[PDB]
Participant: 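Got a structure for you, written out below as structure tokens; questions coming shortly.
Side chains are part of it too, since the values below use all heavy atoms of this structure and drop only hydrogens, waters and symmetry mates. All residue numbers in this chain count up from 1 along the given sequence. Counting starts at 1 for both ligands and their atoms, following the listed order.
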Amino acid sequence: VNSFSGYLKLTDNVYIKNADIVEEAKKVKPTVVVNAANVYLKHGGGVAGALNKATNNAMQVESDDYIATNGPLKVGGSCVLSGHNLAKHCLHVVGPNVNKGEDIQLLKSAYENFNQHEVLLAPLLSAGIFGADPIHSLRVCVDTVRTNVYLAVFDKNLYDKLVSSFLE
Ligand SMILES: CC(C)[C@H](Nc1ncnc2[nH]c(-c3ccc4cncn4c3)cc12)c1ccc2c(c1)S(=O)(=O)CCC2
């Protein structure tokens, strides 16, 4: 029902909250939840692991069937699959993993996938163990996405740093 609450409004279409994306998906039941995926859709850890565990592995089984028939995605690409019990759809988006030497310029392409959906619940792409500068990821989101994006960032110090940096 896209009933988001407790978000700071950064711009006319970008919102942010200190929260676990899985708990937000359970509360809101959004039309679209974004997964911070990798090209073979192996949802073992981080955000992807948390979303998969909350579907009791249904997301991993569906992703394996997709990969068997279609092969891996490309960095900057995306795939709409079922949202299972968390949302109507899950938009699996592959941002660059700069810790594994992938090109940071593809982060704009990764965020461009969001523009196909009027409203989305999403994590901060390529942050955490993917190694992108999270302040830069927030700026790319703000400059690229025109649809309504509700960012859930599950770390108080990072959330505070992002808000302070944006408001400078
Ligand atoms: C910067 C981080 C604070 C942020 N983390 C998160 N942001 C939003 N919701 C989250 N839930 C959990 C979580 C993790 C275990 C777990 C176990 N039971 C419940 N859980 C929930 C983590 C998480 C973040 C954002 C983007 C990326 C990553 C991490 S990554 O390291 O997975 C690589 C892909 C890109």
Participant: Taking ILVMFWY side chains as joined if any heavy atoms are under 4.5 angstrom apart, and letting links pass through other members, which residues group with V61?
Facilitator: none

Participant: Looking at side-chain heavy atoms only, is the closest gap between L91 and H117 below 4.5 Å?
Facilitator: yes

Participant: Between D160 and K156, is there a side-chain N and carboxylate O pair less than 4.0 Å apart?
Facilitator: yes

Participant: Could you go through ligand 1 and note, for every N or O atom, any protein N or O atom closer than 3.5 angstrom, writing the atom names and distance to 0.1 Å, or 'none'?
Facilitator:
| unit_1 | atom_1 | unit_2 | atom_2 | d |
| --- | --- | --- | --- | --- |
| ligand 1 | 9 (N) | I21 | N | 3.0 |
| ligand 1 | 11 (N) | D20 | OD1 | 2.8 |
| ligand 1 | 31 (O) | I129 | N | 3.1 |
| ligand 1 | 32 (O) | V47 | N | 3.0 |

Participant: Is the closest side-chain donor-acceptor distance between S78 and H92 under 3.5 Å?
Facilitator: no

Participant: Please tell me if the side chains of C141 and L151 come closer than 4.5 Å, counting only heavy atoms from C-beta onward.
Facilitator: yes

Participant: Side chains of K88 and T31: do they bring a donor and an acceptor to under 3.5 Å?
Facilitator: no

